[PDB]
């Protein structure tokens, strides 16, 4: 089976909706954040809320519900965190994992550049190819769902291949034609 990672900035919304959805379809999936820290917004000429990666979703929830339970349920982050709590203990940060994947999917260009920069600045002697794909998804609950569909549909297609390194270029193109999207693609090595 393919090992897949899905990566946004904070590992709270887009990467976690896609996480949920890929796992519910049977995929081997982990998810990560490329930011320095996790941030979540609140009254928005305010400084948002910040927590180190490795902080539990449960405690973040608890920290916001005791800050203004109504506010954070209206803007749907209590919901979001409740949902995340059930998948895994805490947001994880991509530049500190040592997990290895066949495909890492980023949801925006800044994340895509942080991932590719990060792996280039490594290097070992596995020489094993990992494919980094960007599939743009907008950062709100609604588009996180829609983006999870599009991501799952693409993985589902790549998971048919028994020779992914030689098929992938061509699958990317069919998919781009059929969903009318641009998929950035890098090949990196572990």
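Positions refer to the first chain, counted from 1.
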Check the entry's C-alpha temperature factors for 148 to 156 and 56 to 64, then say which stretch has the higher mean. 56 to 64
Please work out which of 132 to 140 and 38 to 46 has the higher mean CA B-factor as recorded in the PDB entry. 38 to 46
Check where residue 121 lands among this chain's C-alpha B-factors and tell me if it's the lowest, middle or highest third. highest
Tertile call for residue 166 (CA temperature factor, within chain, third-based) is the highest
Third of chain Cα B-factors occupied by residue 17: lowest
Among the modelled residues of its chain, does the C-alpha B-factor of residue 82 lie in the lowest, middle or highest third? highest
Is the Cα B-factor recorded for residue 97 in the lowest, middle or highest third of its chain? middle
